[PDB]
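Data block for structure-v2.txt (compact mmCIF, C-alpha atoms and all ligand atoms):
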```
# COMPACT_ATOMS: atom_id res chain seq x y z
CA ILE A 19 34.83 -65.23 54.28
CA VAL A 20 34.94 -66.24 57.97
CA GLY A 21 35.48 -69.91 58.86
CA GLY A 22 36.03 -70.97 55.25
CA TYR A 23 38.87 -72.65 53.38
CA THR A 24 41.41 -71.71 50.73
CA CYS A 25 39.61 -72.47 47.45
CA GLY A 26 42.68 -73.30 45.39
CA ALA A 27 43.96 -71.17 42.52
CA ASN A 28 41.40 -70.69 39.73
CA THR A 29 39.06 -73.38 41.09
CA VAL A 30 36.20 -70.83 41.05
CA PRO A 31 36.65 -69.57 37.47
CA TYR A 32 33.58 -67.27 37.42
CA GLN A 33 34.78 -65.32 40.50
CA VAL A 34 35.93 -61.80 39.64
CA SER A 35 37.52 -59.06 41.70
CA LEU A 36 36.33 -55.49 41.13
CA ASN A 37 39.28 -53.13 41.41
CA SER A 38 39.42 -49.32 41.65
CA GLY A 39 43.08 -49.10 42.72
CA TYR A 40 42.39 -51.92 45.19
CA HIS A 41 39.92 -54.82 45.52
CA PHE A 42 36.56 -53.54 46.83
CA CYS A 43 33.96 -56.14 45.76
CA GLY A 44 33.39 -59.52 44.20
CA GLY A 45 31.39 -60.33 41.09
CA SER A 46 30.38 -63.25 38.87
CA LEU A 47 31.17 -63.62 35.17
CA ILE A 48 27.94 -64.63 33.35
CA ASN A 49 29.20 -64.36 29.77
CA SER A 50 32.31 -63.16 27.90
CA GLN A 51 31.25 -59.48 28.24
CA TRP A 52 29.15 -59.21 31.43
CA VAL A 53 29.57 -59.44 35.19
CA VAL A 54 26.86 -59.54 37.87
CA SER A 55 27.57 -57.93 41.25
CA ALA A 56 25.75 -56.13 44.09
CA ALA A 57 24.25 -52.67 43.49
CA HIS A 58 25.90 -51.50 46.72
CA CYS A 59 29.22 -52.18 44.92
CA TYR A 60 28.46 -49.44 42.37
CA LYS A 61 31.19 -46.87 41.78
CA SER A 62 32.93 -45.31 38.78
CA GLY A 63 36.38 -46.33 37.53
CA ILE A 64 35.91 -50.10 37.80
CA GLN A 65 38.45 -52.55 36.40
CA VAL A 66 37.27 -56.15 36.32
CA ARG A 67 39.96 -58.67 37.27
CA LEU A 68 39.38 -62.23 36.11
CA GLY A 69 41.50 -65.33 36.62
CA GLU A 70 42.61 -64.12 40.06
CA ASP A 71 43.81 -66.12 43.01
CA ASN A 72 46.29 -63.93 44.90
CA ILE A 73 44.93 -60.44 44.23
CA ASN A 74 48.28 -58.84 45.24
CA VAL A 75 50.46 -60.87 42.84
CA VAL A 76 50.38 -61.32 39.06
CA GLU A 77 50.44 -65.13 38.83
CA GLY A 78 49.83 -65.60 35.07
CA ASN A 79 46.13 -66.39 34.48
CA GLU A 80 44.67 -62.92 35.02
CA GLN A 81 42.72 -60.81 32.55
CA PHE A 82 42.32 -57.14 33.50
CA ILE A 83 39.45 -55.46 31.61
CA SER A 84 37.96 -52.02 32.26
CA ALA A 85 34.19 -51.64 32.63
CA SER A 86 32.52 -49.78 29.74
CA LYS A 87 29.22 -49.37 31.61
CA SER A 88 27.45 -50.31 34.82
CA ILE A 89 23.71 -50.80 35.20
CA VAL A 90 22.28 -50.74 38.72
CA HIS A 91 18.86 -52.35 39.04
CA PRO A 92 16.13 -49.75 38.45
CA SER A 93 14.44 -50.62 41.77
CA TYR A 94 17.54 -50.79 43.97
CA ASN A 95 16.97 -49.13 47.34
CA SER A 96 20.25 -48.40 49.14
CA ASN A 97 18.57 -48.01 52.55
CA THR A 98 16.83 -51.41 52.61
CA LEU A 99 19.16 -53.08 50.07
CA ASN A 100 16.09 -54.41 48.24
CA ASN A 101 17.07 -55.35 44.66
CA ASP A 102 20.81 -55.36 45.45
CA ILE A 103 22.01 -56.29 41.97
CA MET A 104 24.04 -54.58 39.24
CA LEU A 105 25.41 -55.54 35.82
CA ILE A 106 28.85 -54.48 34.56
CA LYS A 107 29.85 -54.65 30.90
CA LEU A 108 33.50 -55.23 29.98
CA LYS A 109 35.17 -52.95 27.40
CA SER A 110 36.38 -56.11 25.64
CA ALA A 111 35.27 -59.75 25.78
CA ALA A 112 37.16 -61.99 28.20
CA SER A 113 38.99 -64.94 26.68
CA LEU A 114 37.12 -67.88 28.19
CA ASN A 115 39.09 -70.95 29.29
CA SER A 116 39.24 -73.51 32.15
CA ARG A 117 40.30 -70.79 34.62
CA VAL A 118 38.12 -67.94 33.35
CA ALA A 119 34.59 -69.22 32.74
CA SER A 120 31.02 -67.95 32.97
CA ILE A 121 28.52 -69.29 35.53
CA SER A 122 25.01 -70.30 34.42
CA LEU A 123 21.97 -68.28 35.51
CA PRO A 124 19.26 -70.22 37.33
CA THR A 125 16.17 -71.46 35.48
CA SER A 126 14.43 -71.92 38.83
CA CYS A 127 14.93 -70.70 42.40
CA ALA A 128 16.85 -72.92 44.84
CA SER A 129 15.22 -74.30 47.99
CA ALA A 130 16.10 -74.07 51.68
CA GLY A 131 18.60 -76.85 52.45
CA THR A 132 20.32 -76.63 49.06
CA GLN A 133 24.10 -76.70 49.50
CA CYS A 134 25.97 -73.80 47.87
CA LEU A 135 29.49 -72.42 47.43
CA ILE A 136 30.17 -68.86 48.58
CA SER A 137 33.52 -67.26 47.75
CA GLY A 138 35.51 -64.03 48.05
CA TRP A 139 38.50 -62.05 49.28
CA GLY A 140 36.66 -60.50 52.25
CA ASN A 141 37.63 -60.28 55.91
CA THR A 142 38.35 -63.67 57.53
CA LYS A 143 37.76 -62.49 61.12
CA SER A 144 34.43 -62.12 62.93
CA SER A 145 35.85 -59.81 65.62
CA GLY A 146 39.12 -58.37 64.29
CA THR A 147 40.28 -57.64 60.75
CA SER A 148 42.40 -59.73 58.39
CA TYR A 149 42.15 -59.69 54.60
CA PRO A 150 43.40 -62.72 52.67
CA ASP A 151 45.30 -62.36 49.43
CA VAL A 152 44.01 -65.69 48.01
CA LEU A 153 40.38 -66.62 47.31
CA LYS A 154 38.46 -68.14 50.22
CA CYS A 155 35.53 -70.54 49.92
CA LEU A 156 32.61 -71.58 52.13
CA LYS A 157 30.14 -74.41 51.67
CA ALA A 158 26.81 -73.32 53.19
CA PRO A 159 23.13 -74.28 53.01
CA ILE A 160 20.28 -71.97 52.05
CA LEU A 161 18.14 -71.30 55.12
CA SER A 162 14.33 -71.30 55.24
CA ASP A 163 12.53 -68.01 54.62
CA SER A 164 10.95 -68.30 58.09
CA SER A 165 14.31 -68.67 59.89
CA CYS A 166 15.77 -65.84 57.79
CA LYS A 167 12.87 -63.51 58.66
CA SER A 168 13.11 -64.54 62.34
CA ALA A 169 16.84 -63.71 62.37
CA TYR A 170 16.20 -60.29 60.82
CA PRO A 171 12.72 -59.03 61.76
CA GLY A 172 11.31 -56.51 59.27
CA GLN A 173 14.28 -56.67 56.88
CA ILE A 174 13.98 -59.74 54.60
CA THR A 175 12.18 -59.06 51.31
CA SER A 176 11.10 -61.50 48.60
CA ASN A 177 14.36 -60.65 46.79
CA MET A 178 16.58 -61.91 49.62
CA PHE A 179 17.57 -65.19 51.21
CA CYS A 180 19.76 -66.27 54.10
CA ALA A 181 22.52 -68.84 53.77
CA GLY A 182 24.94 -70.17 56.36
CA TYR A 183 24.73 -71.28 59.96
CA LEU A 184 22.51 -70.02 62.80
CA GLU A 185 25.22 -71.14 65.26
CA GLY A 186 27.57 -68.61 63.60
CA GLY A 187 31.28 -69.22 62.99
CA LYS A 188 31.01 -69.50 59.19
CA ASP A 189 29.82 -66.62 56.99
CA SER A 190 30.56 -64.04 54.32
CA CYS A 191 32.02 -60.71 55.49
CA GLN A 192 33.21 -57.25 54.48
CA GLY A 193 34.88 -57.36 51.03
CA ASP A 194 32.92 -60.44 49.87
CA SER A 195 30.14 -58.06 48.75
CA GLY A 196 28.89 -58.67 45.22
CA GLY A 197 30.43 -62.15 45.00
CA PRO A 198 28.78 -65.46 44.06
CA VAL A 199 26.59 -67.97 45.82
CA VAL A 200 26.59 -70.98 43.47
CA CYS A 201 24.36 -74.03 44.00
CA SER A 202 24.40 -77.05 41.67
CA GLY A 203 26.32 -75.04 39.04
CA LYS A 204 23.89 -72.09 39.01
CA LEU A 205 24.34 -68.57 40.35
CA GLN A 206 21.55 -68.36 42.95
CA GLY A 207 22.89 -65.54 45.12
CA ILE A 208 24.96 -62.38 45.40
CA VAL A 209 26.71 -61.46 48.66
CA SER A 210 24.58 -58.55 49.89
CA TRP A 211 24.51 -57.89 53.64
CA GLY A 212 24.55 -59.09 57.23
CA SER A 213 24.84 -57.88 60.80
CA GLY A 214 28.54 -58.28 61.51
CA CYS A 215 30.01 -61.60 60.31
CA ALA A 216 29.61 -65.17 61.58
CA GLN A 217 27.57 -63.98 64.58
CA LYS A 218 25.07 -66.36 66.18
CA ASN A 219 21.58 -66.07 64.62
CA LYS A 220 22.86 -63.52 62.06
CA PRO A 221 23.60 -65.45 58.87
CA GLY A 222 24.58 -63.69 55.65
CA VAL A 223 21.82 -62.31 53.44
CA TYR A 224 21.97 -62.73 49.67
CA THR A 225 20.26 -61.23 46.63
CA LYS A 226 17.86 -63.80 45.17
CA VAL A 227 19.20 -64.01 41.60
CA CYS A 228 16.40 -66.20 40.18
CA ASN A 229 14.08 -63.17 40.53
CA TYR A 230 16.29 -61.18 38.13
CA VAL A 231 16.97 -63.58 35.26
CA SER A 232 14.48 -61.87 32.91
CA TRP A 233 15.97 -58.44 33.71
CA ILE A 234 19.53 -59.73 33.26
CA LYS A 235 18.76 -61.36 29.91
CA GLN A 236 16.83 -58.44 28.42
CA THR A 237 19.40 -55.91 29.69
CA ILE A 238 22.25 -57.89 28.12
CA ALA A 239 20.25 -58.24 24.88
CA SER A 240 19.98 -54.42 24.43
CA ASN A 241 23.26 -53.13 25.87
CA CA B 1 46.75 -62.16 40.85
```
Can you turn what I pasted into structure tokens?
Ligand SMILES: [Ca+2]
Amino acid sequence: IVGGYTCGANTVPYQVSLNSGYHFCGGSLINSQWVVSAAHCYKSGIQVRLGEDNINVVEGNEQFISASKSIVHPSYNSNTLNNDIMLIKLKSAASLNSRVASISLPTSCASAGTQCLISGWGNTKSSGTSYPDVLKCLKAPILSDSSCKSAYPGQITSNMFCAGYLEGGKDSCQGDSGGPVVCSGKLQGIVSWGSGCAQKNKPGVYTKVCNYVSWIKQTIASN
């Protein structure tokens, strides 16, 4: 997250870190056994880390649970990033509490102008490179489809939306991939892609989660 703030320990209780020897992506806990992330975060050997603040220090509220299976969306295209969503099942159910909690799926799509919370352990620099140990947060509005498409000609599908600031300065970045965009207590987005970070007229692009609620529910119900 570039131009954000330190969230505070365990203040975003649905935020997970995906770890394969090191943090490589964010995710969102949606029930005791399932995490939603980006399809471009797919790899084998995933351990889900819940209750994290400082990802380099064991602080006492963590749960480390190996993934038993991952399910990339059937229509995910890695070239265009259309349908950039994946589900990860935990080998055992997380113990849910005030600091490890699921986030509700949307029942309807959120509108341009809706204020959301974006979070992650990604790069905090737009030019250089600096990775935080503690979770960073950004409050950002959803941008209109027209402004999103104008920012990225030929690249925005019906499964994507822009959030952030056309002036730049505040954005998601490398390492935030797969993490949450939460608006009014609902998971509306997944950190998907952008052109650099916090650049003028290049806001972050997010997977439009409301399009996938039926797929998420039916997949969970049979796996
Ligand atoms: Ca920790």
Could I get the residue neighbourhood of ligand CA 1 (chain B) at 12 Å, counting all atoms listed in the file, as an MDAnalysis selection string?
chainID A and resid 27:28 34:35 37 40:41 67:82 139 151:153
Enter the distance from CA of residue 123 in chain A to CA of residue 195 in chain A, in Å, rounded to one decimal.
18.6 Å
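Closest approach to residue 202 in chain A among A:116, A:133, A:49, A:33: A:133, based on all atoms listed in the file.
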Quick one: of A:38, A:241, A:190, A:232, who's nearest to residue 88 in chain A, counting all atoms listed in the file?
A:241
I'd like the contact shell of residue 199 in chain A - 6 Å cut-off, all atoms listed in the file, skipping same-chain residues fewer than 6 positions apart - returned as number ranges by chain.
A: 135-136, 205-208
Store the residues picked out above, limited to C-alpha atoms, as a compact mmCIF listing (two decimals), keeping the file's coordinate frame.
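Listing of out.txt after writing:
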```txt
# COMPACT_ATOMS: atom_id res chain seq x y z
CA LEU A 135 29.49 -72.42 47.43
CA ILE A 136 30.17 -68.86 48.58
CA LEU A 205 24.34 -68.57 40.35
CA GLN A 206 21.55 -68.36 42.95
CA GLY A 207 22.89 -65.54 45.12
CA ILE A 208 24.96 -62.38 45.40
```
Rounded to one decimal in Å, what is the spacing between CA of residue 129 in chain A and CA of residue 160 in chain A?
6.9 Å
Could you tell me which of A:50, A:29, A:165, A:217 comes closest to residue 186 in chain A if we count all atoms listed in the file?
A:217
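Remark: for residue 112 in chain A, the closest of the candidate residues A:178, A:201, A:228, A:83 is A:83 (distances computed over only C-alpha atoms).
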Would you mind listing what lies within 8 Å of residue 163 in chain A as a ChimeraX atom specification, with only C-alpha atoms counted and same-chain residues fewer than 4 positions away left out?
/A:130,167,179-180
Can I get the selected residues back with C-alpha atoms, as an mmCIF file, in the coordinates of the input?
```cif
data_model
loop_
_atom_site.group_PDB
_atom_site.id
_atom_site.type_symbol
_atom_site.label_atom_id
_atom_site.label_comp_id
_atom_site.auth_asym_id
_atom_site.auth_seq_id
_atom_site.Cartn_x
_atom_site.Cartn_y
_atom_site.Cartn_z
ATOM 1 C CA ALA A 130 16.100 -74.070 51.680
ATOM 2 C CA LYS A 167 12.870 -63.510 58.660
ATOM 3 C CA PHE A 179 17.570 -65.190 51.210
ATOM 4 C CA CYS A 180 19.760 -66.270 54.100
#
```
Quick one, how far is CA of residue 240 in chain A from CA of residue 66 in chain A?
21.1 Å
For residue 45 in chain A, please output as a PyMOL selection string all residues within 7 Å (counting all atoms listed in the file; exclusion window: fewer than 6 positions along the same chain).
chain A and resi 33-36+53-55+196-198
Within 10 Å of residue 105 in chain A using all atoms listed in the file, minus same-chain residues under 5 positions, as a PDB file with C-alpha atoms, in the coordinates of the input:
```pdb
ATOM      1  CA  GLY A  45      31.390 -60.330  41.090  1.00  0.00           C
ATOM      2  CA  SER A  46      30.380 -63.250  38.870  1.00  0.00           C
ATOM      3  CA  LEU A  47      31.170 -63.620  35.170  1.00  0.00           C
ATOM      4  CA  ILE A  48      27.940 -64.630  33.350  1.00  0.00           C
ATOM      5  CA  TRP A  52      29.150 -59.210  31.430  1.00  0.00           C
ATOM      6  CA  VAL A  53      29.570 -59.440  35.190  1.00  0.00           C
ATOM      7  CA  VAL A  54      26.860 -59.540  37.870  1.00  0.00           C
ATOM      8  CA  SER A  55      27.570 -57.930  41.250  1.00  0.00           C
ATOM      9  CA  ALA A  56      25.750 -56.130  44.090  1.00  0.00           C
ATOM     10  CA  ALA A  57      24.250 -52.670  43.490  1.00  0.00           C
ATOM     11  CA  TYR A  60      28.460 -49.440  42.370  1.00  0.00           C
ATOM     12  CA  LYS A  87      29.220 -49.370  31.610  1.00  0.00           C
ATOM     13  CA  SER A  88      27.450 -50.310  34.820  1.00  0.00           C
ATOM     14  CA  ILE A  89      23.710 -50.800  35.200  1.00  0.00           C
ATOM     15  CA  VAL A  90      22.280 -50.740  38.720  1.00  0.00           C
ATOM     16  CA  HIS A  91      18.860 -52.350  39.040  1.00  0.00           C
ATOM     17  CA  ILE A 234      19.530 -59.730  33.260  1.00  0.00           C
ATOM     18  CA  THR A 237      19.400 -55.910  29.690  1.00  0.00           C
ATOM     19  CA  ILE A 238      22.250 -57.890  28.120  1.00  0.00           C
TER      20      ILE A 238
END
```
Place a sphere of radius 6 Å on (40.3, -68.6, 47.5) in the file coordinates and name every protein, DNA or RNA residue with an atom inside or on its surface, counting only C-alpha atoms; give the answer as a PyMOL selection string.
chain A and resi 24-26+152-155
For residue 148 in chain A, please output as number ranges by chain all residues within 12 Å (counting only C-alpha atoms; exclusion window: fewer than 6 positions along the same chain).
A: 19-20, 139-142, 191-193
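Among the candidates A:62, A:126, A:113, A:176, the residue lying nearest to residue 164 in chain A is A:176 (atoms considered: all atoms listed in the file).
Shortest atom-to-atom contact with residue 127 in chain A among A:43, A:59, A:200, A:239: A:200, counting all atoms listed in the file.
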Within 6 Å of (16.6, -59.0, 48.9) in the file's own coordinates, which protein, DNA or RNA residues have an atom, counting all atoms listed in the file? List them as a PDB file with C-alpha atoms, in the frame of the given file.
```pdb
ATOM      1  CA  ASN A 100      16.090 -54.410  48.240  1.00  0.00           C
ATOM      2  CA  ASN A 101      17.070 -55.350  44.660  1.00  0.00           C
ATOM      3  CA  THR A 175      12.180 -59.060  51.310  1.00  0.00           C
ATOM      4  CA  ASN A 177      14.360 -60.650  46.790  1.00  0.00           C
ATOM      5  CA  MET A 178      16.580 -61.910  49.620  1.00  0.00           C
ATOM      6  CA  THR A 225      20.260 -61.230  46.630  1.00  0.00           C
TER       7      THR A 225
END
```
